[PDB]
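*Asks:* Please find target-v3.cif (mmCIF, N, CA, C and O atoms) on the next line:
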```cif
data_final
loop_
_atom_site.label_atom_id
_atom_site.label_comp_id
_atom_site.auth_asym_id
_atom_site.auth_seq_id
_atom_site.Cartn_x
_atom_site.Cartn_y
_atom_site.Cartn_z
N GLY A 1 -0.44 -31.64 19.69
CA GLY A 1 -1.25 -30.59 20.27
C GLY A 1 -1.63 -29.52 19.26
O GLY A 1 -1.32 -29.64 18.08
N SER A 2 -2.32 -28.49 19.73
CA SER A 2 -2.76 -27.40 18.86
C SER A 2 -1.56 -26.66 18.28
O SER A 2 -0.43 -26.82 18.74
N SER A 3 -1.81 -25.84 17.26
CA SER A 3 -0.76 -25.07 16.62
C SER A 3 -0.99 -23.57 16.78
O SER A 3 -1.71 -22.95 16.00
N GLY A 4 -0.39 -22.99 17.82
CA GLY A 4 -0.55 -21.57 18.07
C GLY A 4 0.37 -21.07 19.17
O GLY A 4 1.23 -21.80 19.65
N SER A 5 0.18 -19.82 19.57
CA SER A 5 1.00 -19.22 20.62
C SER A 5 0.29 -18.02 21.25
O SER A 5 0.03 -17.02 20.58
N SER A 6 -0.03 -18.14 22.53
CA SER A 6 -0.72 -17.08 23.25
C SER A 6 0.21 -15.88 23.46
O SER A 6 1.25 -15.99 24.10
N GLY A 7 -0.19 -14.74 22.91
CA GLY A 7 0.62 -13.53 23.04
C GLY A 7 0.07 -12.38 22.22
O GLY A 7 -0.43 -11.40 22.77
N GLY A 8 0.18 -12.49 20.90
CA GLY A 8 -0.30 -11.44 20.02
C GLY A 8 -0.69 -11.97 18.65
O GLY A 8 0.11 -12.59 17.96
N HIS A 9 -1.94 -11.71 18.26
CA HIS A 9 -2.44 -12.17 16.97
C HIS A 9 -2.90 -10.98 16.12
O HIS A 9 -3.72 -10.18 16.56
N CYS A 10 -2.37 -10.89 14.91
CA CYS A 10 -2.73 -9.80 14.00
C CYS A 10 -2.68 -10.27 12.55
O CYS A 10 -1.91 -11.15 12.19
N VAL A 11 -3.53 -9.67 11.72
CA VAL A 11 -3.59 -10.03 10.30
C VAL A 11 -3.57 -8.78 9.42
O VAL A 11 -4.20 -7.78 9.74
N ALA A 12 -2.83 -8.86 8.32
CA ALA A 12 -2.73 -7.75 7.39
C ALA A 12 -4.10 -7.31 6.90
O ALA A 12 -4.90 -8.13 6.43
N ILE A 13 -4.38 -6.01 7.00
CA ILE A 13 -5.66 -5.47 6.57
C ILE A 13 -5.64 -5.14 5.08
O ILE A 13 -6.59 -5.45 4.35
N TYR A 14 -4.56 -4.53 4.62
CA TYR A 14 -4.41 -4.16 3.22
C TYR A 14 -3.04 -4.57 2.69
O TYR A 14 -2.07 -4.65 3.44
N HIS A 15 -2.97 -4.82 1.38
CA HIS A 15 -1.72 -5.22 0.75
C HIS A 15 -0.61 -4.22 1.06
O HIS A 15 -0.70 -3.05 0.70
N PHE A 16 0.43 -4.69 1.74
CA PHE A 16 1.55 -3.84 2.10
C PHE A 16 2.88 -4.47 1.68
O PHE A 16 3.33 -5.44 2.28
N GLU A 17 3.49 -3.91 0.65
CA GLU A 17 4.76 -4.42 0.14
C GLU A 17 5.94 -3.73 0.83
O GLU A 17 5.99 -2.51 0.91
N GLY A 18 6.87 -4.53 1.34
CA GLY A 18 8.03 -3.98 2.01
C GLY A 18 9.14 -3.61 1.05
O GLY A 18 10.04 -4.41 0.78
N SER A 19 9.08 -2.39 0.52
CA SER A 19 10.08 -1.91 -0.42
C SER A 19 11.27 -1.31 0.32
O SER A 19 12.43 -1.63 0.03
N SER A 20 10.99 -0.42 1.26
CA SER A 20 12.03 0.24 2.04
C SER A 20 13.09 -0.77 2.49
O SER A 20 12.83 -1.97 2.54
N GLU A 21 14.27 -0.27 2.82
CA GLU A 21 15.37 -1.12 3.26
C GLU A 21 15.19 -1.51 4.73
O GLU A 21 16.12 -1.39 5.53
N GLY A 22 14.00 -1.98 5.07
CA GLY A 22 13.72 -2.37 6.44
C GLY A 22 12.24 -2.57 6.70
O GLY A 22 11.69 -2.03 7.66
N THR A 23 11.59 -3.35 5.84
CA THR A 23 10.16 -3.61 5.98
C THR A 23 9.80 -4.99 5.44
O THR A 23 10.55 -5.57 4.65
N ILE A 24 8.65 -5.51 5.86
CA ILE A 24 8.19 -6.82 5.42
C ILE A 24 6.91 -6.70 4.61
O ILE A 24 6.12 -5.77 4.80
N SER A 25 6.69 -7.66 3.71
CA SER A 25 5.50 -7.67 2.87
C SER A 25 4.47 -8.66 3.41
O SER A 25 4.82 -9.70 3.96
N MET A 26 3.20 -8.32 3.23
CA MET A 26 2.11 -9.18 3.69
C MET A 26 0.95 -9.17 2.71
O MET A 26 0.84 -8.27 1.87
N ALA A 27 0.08 -10.17 2.81
CA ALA A 27 -1.08 -10.27 1.92
C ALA A 27 -2.36 -9.86 2.65
O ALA A 27 -2.50 -10.09 3.85
N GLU A 28 -3.28 -9.27 1.91
CA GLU A 28 -4.55 -8.83 2.48
C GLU A 28 -5.26 -9.99 3.18
O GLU A 28 -5.79 -10.89 2.53
N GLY A 29 -5.27 -9.95 4.51
CA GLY A 29 -5.91 -11.00 5.27
C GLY A 29 -4.98 -12.16 5.57
O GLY A 29 -5.41 -13.30 5.67
N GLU A 30 -3.69 -11.86 5.71
CA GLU A 30 -2.69 -12.88 6.00
C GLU A 30 -2.39 -12.95 7.49
O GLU A 30 -2.39 -11.93 8.18
N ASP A 31 -2.13 -14.15 7.98
CA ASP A 31 -1.83 -14.36 9.39
C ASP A 31 -0.37 -14.00 9.69
O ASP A 31 0.53 -14.34 8.92
N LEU A 32 -0.15 -13.32 10.81
CA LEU A 32 1.19 -12.91 11.21
C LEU A 32 1.40 -13.13 12.70
O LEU A 32 0.45 -13.28 13.46
N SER A 33 2.67 -13.15 13.12
CA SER A 33 3.01 -13.36 14.52
C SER A 33 3.54 -12.07 15.14
O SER A 33 4.63 -11.61 14.81
N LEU A 34 2.76 -11.50 16.06
CA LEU A 34 3.15 -10.26 16.73
C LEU A 34 4.41 -10.47 17.56
O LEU A 34 4.49 -11.41 18.36
N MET A 35 5.39 -9.60 17.38
CA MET A 35 6.65 -9.69 18.12
C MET A 35 6.92 -8.40 18.88
O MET A 35 7.04 -8.40 20.10
N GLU A 36 7.02 -7.29 18.15
CA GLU A 36 7.28 -5.99 18.76
C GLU A 36 6.05 -5.09 18.67
O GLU A 36 5.61 -4.73 17.58
N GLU A 37 5.49 -4.74 19.83
CA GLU A 37 4.31 -3.89 19.88
C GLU A 37 4.66 -2.46 19.47
O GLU A 37 5.83 -2.07 19.45
N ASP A 38 3.63 -1.68 19.14
CA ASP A 38 3.82 -0.29 18.73
C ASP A 38 3.32 0.67 19.81
O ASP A 38 2.16 0.63 20.19
N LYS A 39 4.22 1.52 20.30
CA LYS A 39 3.87 2.49 21.33
C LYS A 39 3.83 3.90 20.76
O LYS A 39 4.85 4.56 20.64
N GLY A 40 2.63 4.35 20.41
CA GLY A 40 2.47 5.68 19.85
C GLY A 40 3.43 5.95 18.71
O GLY A 40 3.81 7.10 18.47
N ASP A 41 3.82 4.90 18.01
CA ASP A 41 4.74 5.02 16.88
C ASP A 41 4.07 4.61 15.58
O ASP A 41 4.36 5.15 14.52
N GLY A 42 3.17 3.63 15.67
CA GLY A 42 2.47 3.16 14.49
C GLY A 42 3.26 2.11 13.73
O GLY A 42 2.91 1.76 12.60
N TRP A 43 4.32 1.60 14.36
CA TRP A 43 5.16 0.59 13.73
C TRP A 43 5.16 -0.70 14.55
O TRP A 43 5.50 -0.69 15.74
N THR A 44 4.76 -1.80 13.92
CA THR A 44 4.72 -3.09 14.59
C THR A 44 5.53 -4.14 13.84
O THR A 44 5.49 -4.19 12.61
N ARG A 45 6.26 -4.96 14.58
CA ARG A 45 7.09 -6.00 13.97
C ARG A 45 6.43 -7.37 14.12
O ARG A 45 6.18 -7.83 15.23
N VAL A 46 6.14 -8.01 12.99
CA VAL A 46 5.51 -9.32 12.99
C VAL A 46 6.35 -10.34 12.23
O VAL A 46 7.14 -9.97 11.36
N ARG A 47 6.17 -11.61 12.56
CA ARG A 47 6.92 -12.68 11.90
C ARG A 47 6.01 -13.48 10.98
O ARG A 47 4.80 -13.55 11.19
N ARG A 48 6.60 -14.09 9.96
CA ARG A 48 5.85 -14.89 9.00
C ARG A 48 6.15 -16.38 9.17
O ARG A 48 7.23 -16.75 9.61
N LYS A 49 5.18 -17.21 8.83
CA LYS A 49 5.33 -18.66 8.95
C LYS A 49 6.63 -19.12 8.28
O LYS A 49 7.32 -20.00 8.80
N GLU A 50 6.95 -18.52 7.14
CA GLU A 50 8.16 -18.87 6.41
C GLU A 50 9.40 -18.56 7.24
O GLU A 50 10.18 -19.46 7.57
N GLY A 51 9.59 -17.29 7.56
CA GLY A 51 10.74 -16.88 8.34
C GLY A 51 11.17 -15.46 8.05
O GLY A 51 12.36 -15.15 8.05
N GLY A 52 10.19 -14.59 7.80
CA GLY A 52 10.50 -13.20 7.51
C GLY A 52 9.74 -12.24 8.40
O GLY A 52 8.51 -12.32 8.51
N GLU A 53 10.46 -11.33 9.05
CA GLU A 53 9.85 -10.35 9.94
C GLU A 53 10.32 -8.94 9.60
O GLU A 53 11.48 -8.73 9.25
N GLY A 54 9.41 -7.98 9.71
CA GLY A 54 9.75 -6.60 9.41
C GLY A 54 8.85 -5.61 10.13
O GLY A 54 7.94 -6.01 10.86
N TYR A 55 9.10 -4.32 9.92
CA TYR A 55 8.30 -3.28 10.55
C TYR A 55 7.16 -2.83 9.64
O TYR A 55 7.39 -2.23 8.60
N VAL A 56 5.93 -3.14 10.05
CA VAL A 56 4.75 -2.77 9.28
C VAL A 56 3.90 -1.76 10.03
O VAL A 56 3.88 -1.71 11.26
N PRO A 57 3.18 -0.92 9.27
CA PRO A 57 2.31 0.11 9.84
C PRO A 57 1.08 -0.48 10.53
O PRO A 57 0.29 -1.19 9.91
N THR A 58 0.93 -0.18 11.82
CA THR A 58 -0.20 -0.68 12.59
C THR A 58 -1.51 -0.51 11.83
O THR A 58 -2.38 -1.38 11.86
N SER A 59 -1.64 0.63 11.14
CA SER A 59 -2.85 0.92 10.38
C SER A 59 -3.25 -0.27 9.51
O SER A 59 -4.43 -0.53 9.29
N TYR A 60 -2.25 -1.00 9.03
CA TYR A 60 -2.49 -2.17 8.18
C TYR A 60 -2.47 -3.45 9.01
O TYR A 60 -2.10 -4.52 8.51
N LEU A 61 -2.85 -3.34 10.27
CA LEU A 61 -2.88 -4.49 11.17
C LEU A 61 -4.17 -4.53 11.98
O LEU A 61 -4.48 -3.60 12.72
N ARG A 62 -4.93 -5.61 11.82
CA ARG A 62 -6.19 -5.77 12.53
C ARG A 62 -6.12 -6.93 13.52
O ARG A 62 -6.07 -8.09 13.12
N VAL A 63 -6.11 -6.60 14.81
CA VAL A 63 -6.04 -7.61 15.85
C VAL A 63 -7.15 -8.65 15.69
O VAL A 63 -8.33 -8.34 15.81
N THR A 64 -6.75 -9.89 15.41
CA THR A 64 -7.71 -10.97 15.22
C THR A 64 -8.88 -10.85 16.20
O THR A 64 -10.04 -10.97 15.81
N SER A 65 -8.56 -10.60 17.46
CA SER A 65 -9.58 -10.47 18.50
C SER A 65 -10.69 -11.50 18.30
O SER A 65 -11.87 -11.19 18.45
N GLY A 66 -10.30 -12.72 17.98
CA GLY A 66 -11.27 -13.78 17.77
C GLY A 66 -10.98 -15.01 18.61
O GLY A 66 -10.37 -15.97 18.15
N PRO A 67 -11.43 -14.98 19.87
CA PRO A 67 -11.23 -16.09 20.81
C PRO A 67 -12.05 -17.32 20.44
O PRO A 67 -12.94 -17.25 19.59
N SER A 68 -11.76 -18.44 21.08
CA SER A 68 -12.47 -19.69 20.82
C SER A 68 -12.31 -20.10 19.36
O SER A 68 -13.26 -20.57 18.73
N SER A 69 -11.11 -19.93 18.82
CA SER A 69 -10.82 -20.28 17.44
C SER A 69 -10.87 -21.79 17.24
O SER A 69 -9.95 -22.51 17.62
N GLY A 70 -11.96 -22.27 16.63
CA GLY A 70 -12.10 -23.69 16.39
C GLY A 70 -11.13 -24.21 15.35
O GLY A 70 -11.17 -23.78 14.20
#
```
For the structure just supplied, provide its representation as structure tokens.
*Replies:*
Amino acid sequence: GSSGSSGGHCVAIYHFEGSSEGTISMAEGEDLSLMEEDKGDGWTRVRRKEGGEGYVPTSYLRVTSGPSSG
């Protein structure tokens, strides 16, 4: 079957390196798996295909918002 999961889709907008003792790194335009939403906090937790998840700034997250993904 297809390879995906209906729930939350987001991609890194700008290069964000997780230096702090509690953050994840992503690549400009990289696919991520939304896990923990951000409520007026600006912090979102996403997972990586490999197996790494951390708290990234929503500002650096652009909701794919692209249905009918062929």
*Asks:* Measuring atom to atom with only N, CA, C and O atoms, identify which of A:60, A:65, A:3, A:43 is nearest to residue 26 (chain A).
*Replies:* A:60
*Asks:* Starting from the PyMOL selection byres (((chain A and resi 5 and name CA) around 12) and name CA), expand the selection into actual residues of this file and give them as a compact mmCIF listing (two decimals) with N, CA, C and O atoms, keeping the file's coordinate frame.
*Replies:*
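Produced file part_35.txt, reproduced below:
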```txt
# COMPACT_ATOMS: atom_id res chain seq x y z
N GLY A 1 -0.44 -31.64 19.69
CA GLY A 1 -1.25 -30.59 20.27
C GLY A 1 -1.63 -29.52 19.26
O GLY A 1 -1.32 -29.64 18.08
N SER A 2 -2.32 -28.49 19.73
CA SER A 2 -2.76 -27.40 18.86
C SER A 2 -1.56 -26.66 18.28
O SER A 2 -0.43 -26.82 18.74
N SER A 3 -1.81 -25.84 17.26
CA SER A 3 -0.76 -25.07 16.62
C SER A 3 -0.99 -23.57 16.78
O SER A 3 -1.71 -22.95 16.00
N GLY A 4 -0.39 -22.99 17.82
CA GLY A 4 -0.55 -21.57 18.07
C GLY A 4 0.37 -21.07 19.17
O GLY A 4 1.23 -21.80 19.65
N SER A 6 -0.03 -18.14 22.53
CA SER A 6 -0.72 -17.08 23.25
C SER A 6 0.21 -15.88 23.46
O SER A 6 1.25 -15.99 24.10
N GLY A 7 -0.19 -14.74 22.91
CA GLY A 7 0.62 -13.53 23.04
C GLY A 7 0.07 -12.38 22.22
O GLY A 7 -0.43 -11.40 22.77
N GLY A 8 0.18 -12.49 20.90
CA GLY A 8 -0.30 -11.44 20.02
C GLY A 8 -0.69 -11.97 18.65
O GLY A 8 0.11 -12.59 17.96
N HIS A 9 -1.94 -11.71 18.26
CA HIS A 9 -2.44 -12.17 16.97
C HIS A 9 -2.90 -10.98 16.12
O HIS A 9 -3.72 -10.18 16.56
N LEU A 32 -0.15 -13.32 10.81
CA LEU A 32 1.19 -12.91 11.21
C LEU A 32 1.40 -13.13 12.70
O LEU A 32 0.45 -13.28 13.46
N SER A 33 2.67 -13.15 13.12
CA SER A 33 3.01 -13.36 14.52
C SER A 33 3.54 -12.07 15.14
O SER A 33 4.63 -11.61 14.81
N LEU A 34 2.76 -11.50 16.06
CA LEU A 34 3.15 -10.26 16.73
C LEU A 34 4.41 -10.47 17.56
O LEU A 34 4.49 -11.41 18.36
N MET A 35 5.39 -9.60 17.38
CA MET A 35 6.65 -9.69 18.12
C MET A 35 6.92 -8.40 18.88
O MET A 35 7.04 -8.40 20.10
```
*Asks:* What does the distance between CA of residue 11 (chain A) and CA of residue 31 (chain A) come to in Å, to one decimal place?
*Replies:*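 Between CA of residue 11 (chain A) and CA of residue 31 (chain A) the gap works out to 4.8 Å.
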*Asks:* Just give me the gap between atom O of residue 54 (chain A) and atom N of residue 24 (chain A) in Å, one decimal is fine.
*Replies:* 5.1 Å
*Asks:* Evaluated on this file, the PyMOL selection byres ((chain A and resi 62) around 8) picks out some residues - which ones are they, written as a list in words?
*Replies:* residues 9, 10, 11, 12, 13, 14, 30, 57, 58, 59, 60, 61, 63, 64, 65 and 66 of chain A
*Asks:* Ranking A:67, A:40, A:56, A:51 by minimum distance to residue 18 (chain A) and counting only C-alpha atoms, which one comes first?
*Replies:*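 Between A:67, A:40, A:56, A:51, the residue approaching residue 18 (chain A) most closely is A:56.
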*Asks:* Would you mind reading off the distance between atom C of residue 68 (chain A) and atom N of residue 29 (chain A), one decimal, in Å?
*Replies:*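 Value for the atom C of residue 68 (chain A)-atom N of residue 29 (chain A) distance: 19.3 Å.
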*Asks:* Return as a ChimeraX atom specification the full set of residues in chain A whose backbone-based DSSP assignment is strand (DSSP E).
*Replies:* /A:9-12,31-36,43-47,53-57,61-63
*Asks:* Show which residues sit within 8 Å of residue 15 (chain A), as JSON, numbers by chain. Count only C-alpha atoms, and ignore same-chain residues fewer than 4 positions away.
*Replies:* {"A": [25, 26, 27, 28]}
*Asks:* Nearest to residue 23 (chain A) among A:42, A:48, A:55, A:36, with distances taken over only C-alpha atoms: which residue is it?
*Replies:*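 Looking at the shortest contact to residue 23 (chain A), the residue is A:55.
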